[PDB]
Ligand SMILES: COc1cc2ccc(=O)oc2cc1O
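Taking the form deposited without this ligand, here's one chain by itself in structure tokens.
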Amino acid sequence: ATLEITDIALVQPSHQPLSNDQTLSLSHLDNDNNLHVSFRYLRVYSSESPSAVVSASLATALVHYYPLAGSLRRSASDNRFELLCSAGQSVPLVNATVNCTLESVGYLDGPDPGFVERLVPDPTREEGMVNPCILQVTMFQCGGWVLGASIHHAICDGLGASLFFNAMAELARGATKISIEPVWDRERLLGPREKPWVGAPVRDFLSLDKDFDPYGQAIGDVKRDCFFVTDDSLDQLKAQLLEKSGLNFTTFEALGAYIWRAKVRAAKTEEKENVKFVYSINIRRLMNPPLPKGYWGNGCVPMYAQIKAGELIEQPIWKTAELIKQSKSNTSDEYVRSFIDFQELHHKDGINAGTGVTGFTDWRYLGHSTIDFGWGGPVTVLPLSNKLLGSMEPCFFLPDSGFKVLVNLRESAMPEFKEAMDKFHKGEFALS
């Protein structure tokens, strides 16, 4: 089963919004170094044709979201990114065609059949500055298709890319005007204070080292593995944790704790290596003043819980989950402004969180269904980037009743983790 690029149309906006070269600068969250990647993910649709439908809504959306056709480039003074927009810039659209039906591969929900990685362009992050937003429409012989997207993480976070794709989707459904107007103005809203000040909750977590590439660690060839998890086992687990800890845990707390411990123990981490649990959270509604409705840049700070690997692999789950619960306490206006002010002081010092960072990303209850171009919402959605949140092994929560846990793991540790998930799938949680 072989995929085949046919041709690559270069869609400019419908009616040009730019006269001359506007150069937009990016916020101090956009210039995070862990965001100097390209996020690759795809959506699968079942059931006038998808190519022209996507390229039409894209052309019209690019009157408002015109910076997605820009060119990222580093700056003369600071090493920060700035985005170059002009008239004639285009977002490439790849058309592809794989010679099987997608029902034969289970709508790509199960194991990889070989070509999933070619279902969205894979630029190494420097050709991902020239074209920081790339779309692809692969057509299957079934009567069904896939929509891949390679967007540079500095331009937009998850919710920002959601606004853009909801704009394309509604336009394809006959909407007369985009429901929410994009707002840029990122150096105003998310900028550093005049006297930069950083509090303990940020300093206790970040370190400086110009020589540390968080994505360059030699931990081996990393693999992608999905796992189904039922609402039955979660309630089984939340209740046992309740009998012991006297506290009620969210799914993200309790399932995050169990996966963290199973990951660090399977990777045989030294008993006294500092390890970290890291996740993004939206702060748009939390700044004072709150961020505007159409802010589509990065509006998320990373939050952390840290511990020794020895303590993690041996202490009860309900102390680890309690630790993860204590981490979302730090979320505040001062945390974000301290994080921004730390970027202003040490952006060229190589900010990082260290080794043994495991990233967790909850995507279950994004509005995936409303990304509808006329073939229904996506049957399945899949992220491919294993470089995320300063981590090389990021874990995704994805949409007989439960959700899909996607983990990225070093090949050396996948066998024991597959086992630790089967014990979960059997209620043998070994809480201590």
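The first residue of the shown sequence is 1; numbering continues from there. Only residues modelled in both forms are compared. Between two forms, the rigid core is the largest collection of C-alphas that superpose within 1.5 Å.
Just so it is clear, the following notes concern the form deposited with this ligand bound, a form of the same protein that is not shown.
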Each of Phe39, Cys156 and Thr361 having a non-hydrogen atom within 4.5 Å of this ligand in the entry with it bound: is that the case here?
yes
So which of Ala96, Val264, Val278, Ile151 gets a non-hydrogen atom within 4.5 Å of this ligand in the entry with it bound?
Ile151
Report the residue, out of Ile351, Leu171, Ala161, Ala305, that has at least one non-hydrogen atom within 4.5 angstroms of this ligand in the entry with it bound.
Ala161
Taking the shortest heavy atom distance, is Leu58 within 4.5 Å of this ligand in the entry with it bound?
no
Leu382 near this ligand in the entry with it bound, any heavy atom under 4.5 Å?
no
Would you please decide whether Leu62 lies within 4.5 angstroms of this ligand in the entry with it bound, comparing each non-hydrogen atom pair?
no
Residues in 385-402 that come within 4.5 Å of this ligand in the entry with it bound by at least one heavy atom, in order, are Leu388
Just list the residue ranges, at least 3 long, where Cα displacement is 2 Å or more throughout between this form and the one not shown after aligning on the core.
99-101, 111-114, 141-143
